[PDB]
Every structure is written in C-alpha cells, then in structure tokens.
Amino acid sequence: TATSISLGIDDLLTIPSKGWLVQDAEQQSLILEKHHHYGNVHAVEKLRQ
Amino acid sequence: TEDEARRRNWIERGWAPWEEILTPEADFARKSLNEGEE
Amino acid sequence: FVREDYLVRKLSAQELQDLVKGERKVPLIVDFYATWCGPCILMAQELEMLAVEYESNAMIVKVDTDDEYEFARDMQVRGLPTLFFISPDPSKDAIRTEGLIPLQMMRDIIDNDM
Amino acid sequence: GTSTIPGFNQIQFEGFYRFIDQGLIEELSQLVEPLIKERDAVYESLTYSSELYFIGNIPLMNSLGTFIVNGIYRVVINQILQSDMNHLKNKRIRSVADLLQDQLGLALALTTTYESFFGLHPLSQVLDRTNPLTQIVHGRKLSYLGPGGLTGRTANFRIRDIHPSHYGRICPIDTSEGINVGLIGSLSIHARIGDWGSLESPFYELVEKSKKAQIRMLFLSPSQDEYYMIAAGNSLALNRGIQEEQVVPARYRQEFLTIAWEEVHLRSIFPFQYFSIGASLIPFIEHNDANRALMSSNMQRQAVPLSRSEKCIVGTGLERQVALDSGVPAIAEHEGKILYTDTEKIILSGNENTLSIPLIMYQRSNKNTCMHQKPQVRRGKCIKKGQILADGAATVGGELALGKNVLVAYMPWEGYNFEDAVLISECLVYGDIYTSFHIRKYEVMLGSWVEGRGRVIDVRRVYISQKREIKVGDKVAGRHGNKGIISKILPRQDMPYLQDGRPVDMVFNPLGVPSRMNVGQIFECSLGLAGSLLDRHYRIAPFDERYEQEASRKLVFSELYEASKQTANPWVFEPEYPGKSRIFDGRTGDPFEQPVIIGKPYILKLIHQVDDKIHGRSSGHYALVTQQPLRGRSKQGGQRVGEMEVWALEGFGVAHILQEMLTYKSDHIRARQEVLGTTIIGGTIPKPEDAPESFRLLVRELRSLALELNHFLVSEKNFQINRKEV
RNA sequence: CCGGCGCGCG
C-alpha cells in the first residue's frame, strides 16, 4: 500500500527492437511470396517459412 | 504403359514438350529439389 | 393500421406544375434533392420534422433532380439542397433558399412571408 | 440490413410472419384478433392467442418476439442440426416458423398441444427480464441440443470448436459455460437467416468497371463463402507503384492469405459484423484477451437495474440500438404533438388521432427486478413516428444504462483488495449510487411493512419491494471481465484522494490486469475521467487501430490532455507518466510513492449478492425415505458432506468428527433426538453404536433382491457371535 | 419433503 504499485498504458514496455524485427520478417515474407508466385518455391516451402 | 499414354496424349489432347525457358531461380528449384529437402 | 413513416410526398414535374397552377390555401414548400447528395439526408430529416410541425397548415413536397433535372434547371436551381417557398397568393413571389438552413428559418419564412 | 444494423428481433419477427403467411396454409392442406389484450393475458395469467376458424387457438408473438402462455413470457430459440460435417454449409437453422408450423402438423393429426409445447419443449424458454440486454440476446441463441439434436455426452469433440464458416454468422466468443460449452451459440449483429435455412452475412462487392452493380452489399450463405477472397484490411497504403498491388490479409478456402487488392472480391466493412450483442458492448475490446471477452458478456447479462440510471461516459455506440430493440422505452406509433405528461401516462395527439400511453410503475420481472418508466418528452414537443417518448429501467435518453460512473484507483490497499476483493467508499452507500429495487412474489394490508423484510406494494399474490443498497459481499464488475466482491467500506476521509482533494469511490487491485490480460479497462477508465471533465461522451466502434497504429492510445492521451488543459488540472495528464498521478493516503495525508492510474470507469452491480446466499441450519425437517436433512436454502436444508470431504477427514485422521456427520447429524433418528437434549443441558454426547437409517434402508433394498446382509460382532473375550439389529 | 427440464455460480 505504501509504495502503491499500479499499472498504466506507458508501463507496458515493448522492447525497442520490435519494430526492427517485425519489419525484417515482413520484408522476407514479401520476397518469398513474390518468388512463390514466380514458381521458384512450392507451397510447403512457403507455408513453413 | 508410359509409351502409349504419351502417344495418346499427343494425338488426342494436343500434348507437346514445349521448351520452358526458366530463370536461374526456377532452374535451381527444379534441379535441387530432385535431391532432397535439406 | 400502420402509420406511414414519411409525410413528405415526392412529386413529378407535371404533378408539381398542376399543384402550383391549382388553387392553394396553405403555403407550398418544394424540396429539390438527390439521394447521392450527403447534405440532403439532414435536409430530409429537417423537412420531416417541419411536416410534423405543420400538420395541415403547410404542404411539403420533394422533387428528385435525378428524375427532373431539366425541370430543376428551369426553376433556377444551382445546387442542393434547395428549397422553394411558394405562397398561396399568386400575386406574391416565391422564395428560394440555398443550403442547410435552420428549422427556425423555415418557420420564420412560412409564418412571415407566405 | 444492407446499410444499417438490422433489428435484433427481426429474425423472430420475420419467422412468425412467414408462419402466418404459408405455414398455416401448408398444414391445413382465417384468424381473428385476440379478445384479451396483451397486458390482460399476463396480468391475470392467460395465453395471448388468436382464434382460428373453431379449430383452436394460435399463440401470437409480441413485437419484441416473445409469446405469452398462462401469463408467462416465453421465447422460442433456434436450433442447428445436420442438413466436412462441421461446415456450416451442411447445416440448417429452424426458427419459430419451423417450430410453430411443425406443432401444427401434430395439432391437426390445437389449443392443448400449443399449450404443452411452450411448457415442455426445451427450445421454448422463459424470457429473461433482468435488464434490457437480457431480453433481446435470449431470442438470438443457437442450440445444437433439443429434439433431433446432439446431447452433451453425444457431442463430438471436433464440434464445440470454431469453424471458419462461422465468420459473420456465429459469434466466436459467445458460448455457454460448463458441459454445454460450444453447443449454445449466438447470432452475429448483422447475421440473417436465408431461404434455405442457412445463415448469411453482408459483404461489400468489389467488381470491375463494366458492371452496373446497383447494390454492392450482398449476403453470403456459408456454401459460397469459401469461393470468395474476402479482405478485412484497408486501402491506406501507397508506394512508388500503384494501389492495386498493395497486399492485405484475406480469407479464402478456410485459410488466411496475403494477396494484392486486385485479387480481392469482397470486403468486410461493418464494424460489428463478427460479434454478438454481448461482445459488441465492450469498449476497446481489441485490447482485451478473448478469454475475458466471453466472461464479460455473461457478466453484462447479470447487471441489476439501479433505482437511478445514468449513461456511460465511454461506450461503443450499440447502446442506442439495444434500447430501441428491447421495447423497454416508449416509442411513438404516430407522429404528432405532446399535450400531457405524468407518471401514470403520456398523451400524444397527431392527425386528429389522440392516444394514451400507460407507463410501467414498479412492476416485477421473472428475476425479481423492478421495472419503471419516466417521461422523456415535455408538453408541446413535436414527435416523429418511431421516436422515443419515455425512458424505462436501465435506460437513459434512449441508451442502455446498466451501471454508474465512479471515481476509481488501481492500487493495493492493506489487503482489502486481495485477489479479487473490492474496497469501496461510504459515499456509494449514503449517496444511493448502487441502490436497486427488488420485488418477490408470494402465492395482508396493502402498504404494510412485513417481517424477506420489505414493503407490500401490490396485492392481487403478494408483491414485496426491497430497497437494497450496496453492501459488503455484493458483486460488482466492469465491461472487461473484471469482477470483484466488495469486502470493505470506508468513510470518505479514509479513502485515498487525488490532487484536487477528491476521494476515490473504489480501489481495485492492479495485480488483476496482467494475469487476466484485459488492458481495455485501463483505456476506458482514463477516457472516462477525461469525458467527465470535458462534459463529453464517447461512442467508439471497436478495432480503431485499423485507421492507424495505437489509435486508442492517441484518442485517450489527447483527450486526457484536453481535459487537463481546459480545466487547469495538471494531474489529469502527466507528461512523465500519462494516465497516472500521485495520490495521497487518506489516513496520513502522505503521498503514495508511485503514481496510480485513476479514472472514471463504468461499473455494474450484479444479481449475485448476499441476502440471497447466506444460509444457516441447526436442525429441522428431514427426507421421508433417507431421513437425511433436506437440500436447499429455500427448504432450510443442510450442507452435504460428499465423498471428497470424507477423504479429507480420513486424511486428517479425525475419526470422531466423521462419525458425527455420518450418524447423528444426518440420519440416526434415535441419536439425533438425544443430541438435541444433551446439548441443551450440556451433559456429554455418547457414541451412537447403532446403524443409521441409510444403512437400514440399503439392507431392506437388498432384501428385495433376495439377498440377506447381516452384521455380526464377535466378542474378543468369549468369542460369542452377536447379531446387530439391522 | 417426489422426479424430470431449463438457466446460472465457484
């Protein structure tokens, strides 16, 4: 009670590198989808990736 | 058998082994997937 | 058994012509509207409220410009929403109001000009 | 329902009309209006039915979609059954049209069988009238049970699961709790029943240039839902190419893809398309875990209408639809002007037609909840047909109002909010913030204070009103699955107070957010505080992050700063820690060390409360056969000591506590009477040494199977065999 | 003071 821990929107801390890592995964998914459409990989390879 | 089936395909269904000009990526996919997964 | 949800009646150019030509006892309010016009929804609700207000003391009609485009152009309609307040006395001149005018403005026009 | 949210009772309304249209003729291979009024049928316990010419009586459905039999409101719910077995394209929905017409098939092979159908059929249920929310959601349920349907034991484990054909037709969140989980469904907001018994949802068609396509909103049966590429994303994305090859998530062939816009056929554009009414009343639902969304929907159905109601500062915009479709408020049936208003009636006159509308005044529901109506119009006001005239219970200004906006802090307070307990202020008690009227019925002078203590309000059947203020042990909950029991009530000088000096009304444990994973309550409390200072209300459609990233955060933070700046209250928005502020201990005047998230959320009072659960028993009436104490609070029965409780006592080794609750507290007739006598004189209780009436009962039953069971005692002294009387 | 059906709570 004396310290009175609480919980706000600001306290929910995402790690600083999430935007970096999500962008890289989006770039790799975009490249493989195009080459899957080209016929350079098959469906299971795209599904696994 | 796989000598009369091909002839039947050619005669009745218009089959012909037209050349598929592939990119290096598609050529690699065809030549490398014949060996295994990884 | 079931009351109608809308009191404002939609008229053709010929029907409105006959209405204006014929003898009138109460003021006639003519609305020009199009269903693709965004402001015409608010004007539709406002004129429904006005029709509820003036039970038999006024006549509220609407003309669609998608069916009477040439008639609207003839009557000097430059845009939507456009209202025409026609007095029962043929000697007087009608009033054209342009824009989403307030309900009190329509009440004032009907009371003090028709 | 192409351009607006359809009426929540439109499925029942359309089904009954279809039954009158073709169901009557198809089975007879002329109806007169009922003589009794709808109010008279329930007042003196009749059935609202119309005469068929004299073949019988056909019950009539109310405009709200509920029948009246013997003065009891009843609802006919829909059923799902076999037409990929779990695909919705292999199912059919049987509405009230199919159930009423089918009974006509049995009737003609009327009055009695229809009377027995509503009484006995599982698909016919008593309407829940706890609050306006319960009245409408009951009629939109979908069941796999019922005649011709699977039982819980019969239910396959692959059923009860979410199928992709359910999207837009069956809510993936709403389901029953317990053994019947996954077997009781619920229709979506925009769902519709098609002509083949299938459920349909509207989708927006994107079509090429050379096509008229007058109406681009078309409904899909689940059979044709597969073969369309349906996208839920938006078109706010541009690169150095053009808009058509921007990629969006989409649905196709039971799986999720990511394809270009030029390959998309249909778009899901309605905000409330995939949810039911319960899940559509949760603001910021996209920040709550879906597990708590199911519980939040259930809790909203247990909210008690309060003696005074108020609107929520933060809502979703579906409250107005719920109020209109519940029938609780008074809706004009004719345009005109208001001439007279009072408690008992409202007089409306229009187009030479003057009507008198009676108003409900302190009436009882099936759940012992009060109903009341107050005028919402003044004399001399023009009214359109279909506009509100009066406000009912749990309804303010034409919106559903199940709770109150109270000042709230999220911090631990001396263990009085341990686990899920709630600490409240005395202001909520003497302010009558959470006071509700409750009325029972019993089959005495009017206006007498009987002593179940209450005031007799109506005699016909005795109705007793009970004014119930909030108390310790009562249950309160928010709209985000955050439930709690009130464990402590403090004076206002003891509660923590803000930098403006105002004490808070409730204190919540902050530990309940991370484990429960409902962040939407933090968003709502902060915005509720901002709206109260700015004199604003917010009706926010769910999934606002479709516009931009962190859309809810931008809306709440910017509205918090606007309230702080306009009212000159710098604690309302703190740049260091937005949403949190330092508050002070009401007992010491010293600030708490960490800033506390504060706000004004919407908290409800639930039916589950004390005065309906506290039970006590000394002795009394026992069962006729087993001679054990009765079961149930209403029967003044006792508590059962089950076999799991017996294991615990055996684990403790308390062999004499176990024998107490096995012989002379349950069924030893001789030893029950002596325990009553010894305890009053305090003269030591001896061992029973005989058999309880449950063992003697078993012996006689075994005798009826030609089996003899004898109990013998062999003396360890002289080895004499003693036959015990049994 | 008996059983079925429906709805709930932990």
Side-chain angles (χ1 to χ4, degrees), chain D residues 66-67 69-70 72-79 99 115-131 133-149 151-153 174-181 183-186 278 292 294-304 365-369 419-421 473-477 481 483-487 516 604-615 617 619-640 642 644-645 666-667 669 672 693-694 697:
Chain D
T66 65
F67 304 89
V69 290
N70 305 319
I72 277 193
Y73 293 97
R74 294 229 154 214
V75 189
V76 171
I77 81 159
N78 328 107
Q79 197 185 28
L99 298 203
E115 202 104 353
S116 147
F117 164 73
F118 288 120
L120 275 312
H121 206 267
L123 294 192
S124 166
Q125 304 179 357
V126 204
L127 167 72
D128 208 317
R129 330 193 62 210
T130 307
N131 47 67
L133 173 61
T134 40
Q135 303 201 29
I136 44 173
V137 304
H138 203 167
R140 311 174 50 90
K141 278 196 304 174
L142 297 148
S143 54
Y144 289 83
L145 330 171
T151 298
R153 213 42 66 82
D174 203 54
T175 197
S176 41
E177 291 188 341
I179 183 173
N180 274 345
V181 63
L183 307 174
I184 290 292
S186 200
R292 289 272 139 166
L294 162 67
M295 314 177 9
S296 171
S297 319
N298 303 349
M299 281 177 238
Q300 266 195 99
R301 294 172 27 199
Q302 309 163 6
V304 188
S365 84
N366 73 321
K367 301 292 182 181
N368 306 325
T369 42
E419 306 275 33
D420 261 20
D474 276 12
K475 216 178 171 181
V476 288
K483 58 190 168 182
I485 299 277
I486 286 131
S487 63
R516 276 46 181 270
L604 319 162
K605 189 178 144 198
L606 313 190
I607 45 169
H608 309 293
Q609 57 210 4
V610 278
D611 321 290
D612 295 325
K613 294 167 188 308
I614 164 166
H615 184 38
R617 148 151 192 154
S619 52
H621 320 285
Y622 309 93
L624 216 177
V625 172
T626 58
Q627 276 302 297
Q628 280 179 209
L630 297 174
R631 154 188 219 191
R633 197 173 96 102
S634 43
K635 296 169 164 55
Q636 330 150 15
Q639 306 299 314
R640 185 175 157 80
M644 291 186 98
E645 279 77 18
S666 196
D667 39 354
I669 294 182
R672 279 183 333 217
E693 296 295 88
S694 304
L697 157 69

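Side chains are part of it too, since the values below use all heavy atoms of this structure and drop only hydrogens, waters and symmetry mates. By convention in this document, chain letters (A, B, ...) are assigned in the order of the sequence lines, proteins followed by strands, and residues within each chain are numbered from 1.
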Can you name the residues that form a side chain to side chain donor-acceptor pair (under 3.5 Å) with [X], not counting sequence neighbours?
X	answer
D:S694	D:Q628, D:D667
D:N70	none
D:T369	D:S365
D:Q609	none

Quiz item: Taking only residues two or more places apart in sequence or in another chain, which ones pass side chain to side chain contact (heavy atoms under 4.5 Å, CB included) with D:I669?
Solution: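 Only D:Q627, D:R672, D:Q673, D:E693 meet the side chain to side chain contact (heavy atoms under 4.5 Å, CB included) criterion with D:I669.
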
Self-check item: ring pair (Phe, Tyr, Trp, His ring centres under 6.0 Å) against D:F118, all qualifying residues, sequence neighbours excluded
Solution: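 D:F67.
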
Identify all pairs in which a protein N or O lies below 3.5 Å from an N or O of nucleotides 2-4 of chain E, and state each distance.
none

Anything under 3.5 Å between a protein N or O and an N or O of nucleotides 6-10 of chain E, put it in a table, one pair a line.
from  : atom 1 : to     : atom 2 : distance (Å)
E:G8  : OP1    : D:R301 : NH2    : 2.9
E:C9  : OP1    : D:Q302 : NE2    : 2.8
E:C9  : OP2    : D:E177 : OE1    : 3.3
E:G10 : OP1    : D:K475 : NZ     : 3.3
E:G10 : OP1    : D:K483 : NZ     : 2.4

Quiz prompt | With sequence neighbours excluded, residues passing salt bridge (charged side-chain N to carboxylate O under 4.0 Å, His left out) with D:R516 | solution = D:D420

